[PDB]
Structure formats: structure tokens, C-alpha cells
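Asks: the amino acid sequence is not available; the structure is as follows:
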Ligand SMILES: *[C@@H]1O[C@H](CO)[C@@H](O)[C@H](O)[C@H]1NC(C)=O
Ligand SMILES: *[C@@H]1O[C@H](CO)[C@@H](O)[C@H](O)[C@H]1NC(C)=O
Ligand SMILES: *[C@@H]1O[C@H](CO)[C@@H](O)[C@H](O)[C@H]1NC(C)=O
Ligand SMILES: *[C@@H]1O[C@H](CO)[C@@H](O)[C@H](O)[C@H]1NC(C)=O
């Protein structure tokens, strides 16, 4: 019988997967020994205690993550998004549009 | 003026960062053991700091029961844990359905 | 003699960074303004669920175990050179790594913090040891001795992520109102 | 409304990607349905109050 | 700079997301 816990503590065992290099300022889907997510990675100046790895905010969201291998702190921000509105006159008058 | 759809930026790259270690996990010492223990005195072994590989276990084809609760066996080589508990014992064939 | 705990014995509940946020959590804590037994110049004491230890060179270390003999027991003895940690029958495990506070609790978790020259004030405690050994402990032997209880707490983080204040949610009706409002200041009403 | 985003609603976890990367589509649908129902009810209540 | 009365100034001086926006 094998029993797991899948806690958020610093991981110890992992799959036989490989590792790539860090890329910044580009929308990427990071996977740091788990913890899947998409966003833009920059350099975070937030002070971390030696035992502190994960960052969190008023509504969590895990804004800060520490590198597992190189042991560097990072900041996480979601990619830009928004709605689209179309500005048009009546189709009787014309058929040109402008988007917002 | 009307609202039509939403705008969202797509990701471009993939980032994977796992702690690089090479300690192959000691599963043989438990599966191949000469003498197991009585069910009333089962034996527990902790596991840590190892690179597990459950694919080889799942493809041994010598097992008559492989039931995983709360995680699918195929997706087991993609996620990391904090510690793994392995315990073993020997019981009759009728009672095998009571371990659930 | 006895002494009141004032506001002492608050550690970091987890290893997750937070900043400028009022977070409420539940864990084993030393109740505020509680009585702590005083010892000086040394018998065994029960463990229960977690023990608070504080003292003010001469102190050697701490030992744990149900019989403290014939069954497995803990053994944590400090040294001038490094520190000695081993577990076996008296091995089964070995490890080497003013005011001194410790929040030993039970795997085995240990927190520590040292402050210059019990005083009135607040100071948090940081974790140091997370050894994964599982065994029952009932008796403790080795100052002052505290105990832990399951009381929820309200924690305050400053801009740098360091705990500066806390509220005992089950102490007084004023504290209950503070915890309900999630604020450190309450307006008339 | 924002705080209501961190409730299990009976599912194994409150993280969609977590429960998607752990279970196969044969049995992730029940958890997804539970989360969907909870969040939909929360949105309905918020809209009525507004 | 904003061309408002002293009383209006006094009144005016006395008073990261997922799908939420303000128009
Ligand atoms: C990962 O590799 C880097 C460079 O090879 C090394 O510094 C680091 O210690 C490795 N991580 C682990 C967990 O061994
Ligand atoms: C146990 O022994 C078999 C015999 O070949 C081997 O294939 C296997 O890798 C060993 N370990 C486990 C965990 O089965
Ligand atoms: C430790 O001793 C107590 C007292 O007899 C007992 O209740 C408890 O079950 C023991 N621990 C374990 C793991 O058996
Ligand atoms: C936080 O750290 C900064 C240094 O980065 C320091 O100037 C400041 O005083 C600290 N905050 C407090 C409340 O001490």
C-alpha cells in the first residue's frame, strides 16, 4: 500500500522529468515541481526569510515563487486581458466600425 | 456600442524546473523481499530524497490488482510529493477486497 | 512560584510569505496571560500536546520518551562543537547540524528565537528543525515551562513580512469582537 | 465574492488545474461539476444583491 | 489647478484580478 499527502511543503520526491532554462518577460506556463500556472515572470525584490519560498497576497494567487534549482525569487503577474467593444453607426447609414 | 467577445494573450514557451537529483528510488528492497510481516504487525518504511518511477511498476503486468484512489496511475510521473509511505503485509485471497 | 505568560510564544504557522495582510489561522499556541511553572537550580514533566521552554552554558539539553529504559526514546543533547542528535534505545537515527525560547511540539517540529536582556513585549519565533521521526512522547526532562492549546489566532504582518502583533481570539469579548471584525481597532457601537 | 473562490464545495481541491493534472477525464468531471455549481450560485447571489 | 471651491476641496479630501474590471 502506497499513501501520499500532496502537501505544499518543499517537495522531496519527483518524476523522472527533465528541466529547462528560465525565460522572463514572456507569457509562459511554468511548472515548478508542480504548481502549474501561466503568467509573466520578472525579478522580485520582496525580502524572503531563509525558510520562506511561496509568496501570497490578500487573496492568495501565489504572486511570488522561489526557484527550485538556482534558489532565486521571482514575481508572477497574469498576462494582460480585457473585453472588446465595437463602435458602429447604423447599418443603414454605412457599414464601417471601430473597435475598443 | 456593443460588446462582442474577449481578448486574451496566448502563451509562447514552456518552462519546467525540477530539483535535479539522481538517487533512484529503493522500491526493489520492498517488492522483492524474501519474508513479509504478519498483517497484525505490518511494516512501515518511509521514502524520501529519491527519483521515483511508477511507470515501470505499472507495466510489470504481474499484479492482479492496481487501484489508485484520488489519483490516476498514468498521470503519476508528472507530479511531486513531500513524503511517501510504503507498508506491506500478507493476507488471504478472500480478504483482498477489505483493503479499501 | 508562578508567572504570567504576557504575550510570548508565537511562531510562524507555515512557510508561506505574506506582507501587509491580517491573517487568521488556527494552530497550537500558548494562551496569552497564562500561568507558567517556574523551576530553578530537576524532575520529569509530562509532555501533553506540545511544550514551551524558556531559560536564561549551564543548560545541557532536552530528552524525550514515554519511559525515558526498554522502549525507543528521543535524545537531543547540545554540544560546544556543533550539536548532537541521535535516537535509539537506551542507533535508529542520528543527525548533526540572555533569552532562549523553544516551542518543541509533536513529526517533530522545533522553533527558536533569542532576544537580548520574562519581559513584556512581542517577538516571533522562526522554525529550524523538521526531522521526520514518528513515536509517542509522554514525559519530558531537561527555567520556565509552558504548554500549548488549540486556540485560533489573528496575526498581523508588516511590509517586510515580519509578525509584529497578534490577538488571542478566545481570551476576552473584546478580542472576540476584534477577531470577528478582522481589525485591531473597534469603533463605538 | 472574491473570497468565495477558495472553497472545496465537496471536491478534492479548489484548484482547477490541480484537479485536472491529477485525475483523468473519466472522473475529473464530478469535481469540475461541483466547482461549477458552487461558483454559479455565488455569482447569482452577488448579481441579485447588486 | 482643478478649479473647485474650498468647500468642494474639503469634501473631496474627506473621502491582480480575474474577470473583474471597473468602467
Ligand atoms: C540543480 O542543478 C544546479 C546546477 O547544476 C545545482 O546548483 C542544484 O544544486 C541542483 N539542484 C539539486 C536539488 O540538486
Ligand atoms: C524486484 O525484482 C524484479 C526481478 O527482476 C525487478 O524486475 C524489479 O525491478 C525489482 N524491483 C521492484 C520494485 O519490483
Ligand atoms: C504511546 O504511548 C501511549 C500510552 O500508552 C499510547 O496510548 C500510544 O498508543 C503510544 N503510541 C503509539 C504510536 O502506539
Ligand atoms: C523593512 O525593511 C527595510 C529595509 O529594506 C527597512 O528600512 C524598514 O525599516 C523595515 N520595516 C520595519 C517596520 O522595520
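Replies: Everything's here; your move. Residues are numbered from 1 along each chain as shown, chains lettered A, B, ... in the order given. Ligands and ions are numbered 1, 2, ... in the order given.
Asks: how about the contacts made by residue 49?
Replies: Just so you know, I chose chain A. Going by C-beta atoms under 8 Å, 6 or more residues apart in numbering or on different chains, residue A:49 touches C:17, C:126, C:161. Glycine gets a C-beta too; all of them are placed from N, C-alpha and C.
Asks: that's the wrong chain, I wanted chain C
Replies: By C-beta under 8 Å, 6+ apart, residue C:49 lies in contact with C:28, C:105-106, C:147-150.
Asks: JSON lines for those residues, including neighbour count, secondary structure and distance to residue C:72?
Replies: As requested, those are exported to JSON lines (neighbours: other C-beta atoms under 10 Å in any protein chain shown; DSSP: H, G, I helix; E, B strand; the rest coil; distance: C-beta to C-beta, whole Å):
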{"residue": "C:28", "neighbour count": "15", "secondary structure": "strand", "distance to residue C:72": "24"}
{"residue": "C:105", "neighbour count": "17", "secondary structure": "strand", "distance to residue C:72": "19"}
{"residue": "C:106", "neighbour count": "17", "secondary structure": "coil", "distance to residue C:72": "14"}
{"residue": "C:147", "neighbour count": "21", "secondary structure": "strand", "distance to residue C:72": "24"}
{"residue": "C:148", "neighbour count": "19", "secondary structure": "coil", "distance to residue C:72": "23"}
{"residue": "C:149", "neighbour count": "13", "secondary structure": "strand", "distance to residue C:72": "28"}
{"residue": "C:150", "neighbour count": "11", "secondary structure": "strand", "distance to residue C:72": "27"}
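Asks: of these, closest to chain D?
Replies: Lowest distance from chain D to these (C-beta to the nearest C-beta) belongs to residue C:150, with 21.9 Å.
Asks: any idea what the closest one is bridged to?
Replies: Beta bridges link residue C:150 to residue C:28, judged by DSSP bridges.
Asks: nearest to chain E: which residue in chain B?
Replies: Using C-beta to the nearest C-beta, the closest approach of chain B to chain E is made by residue B:6 at 9.1 Å.
Asks: just how off-centre is the host helix or strand of that residue within its chain?
Replies: Element membership of residue B:6 [criterion: DSSP states H and E] is strand B:2-8. Put simply, strand B:2-8 sits 43 Å off its chain's centre (C-alpha atoms, centre = their mean, to the nearest Å).
Asks: all helices of chain E, in order?
Replies: Assigned by DSSP state H, chain E shows helices spanning E:6-12.
Asks: which residue does it have closest to ligand 2?
Replies: Nearest residue of chain E to ligand 2: residue E:18, at 43.8 Å (C-beta to the nearest ligand atom).
Asks: what's the closest residue to that residue other than its chain neighbours sitting at in phi/psi?
Replies: Leaving aside its chain neighbours, residue E:18 sits nearest to residue A:78 (7.3 Å; criterion: C-beta to C-beta, 6 or more residues apart in numbering or on different chains). When quoted as degrees, to the nearest 10, the phi and psi of residue A:78 stand at phi -70, psi 150.
Asks: pull the number of nearby residues for whatever residue of chain D ends up closest to chain E.
Replies: Minimum separation of chain D from chain E (C-beta to the nearest C-beta) falls at residue D:2, amounting to 7.6 Å. Residues near residue D:2, counting by other C-beta atoms under 10 Å in any protein chain shown, number 11.
Asks: for ligand 1, what are the nearby residues on chain D?
Replies: Nowhere does chain D come near ligand 1, counting by C-beta under 6 Å from any ligand atom.
Asks: got a list of what residue A:26 touches?
Replies: For residue A:26, the contact set (C-beta under 8 Å, 6+ apart) comprises A:40, B:12-13.
Asks: what kind of secondary structure is it in?
Replies: Following DSSP: H, G, I helix; E, B strand; the rest coil, residue A:26 is assigned to coil.
Asks: sorry, back to before: what helices and strands are in contact with the strand holding residue B:6?
Replies: Using 3 or more C-beta pairs under 8 Å, 6 or more residues apart in numbering or on different chains; DSSP states H and E, the elements in contact with strand B:2-8 are strand A:81-87.
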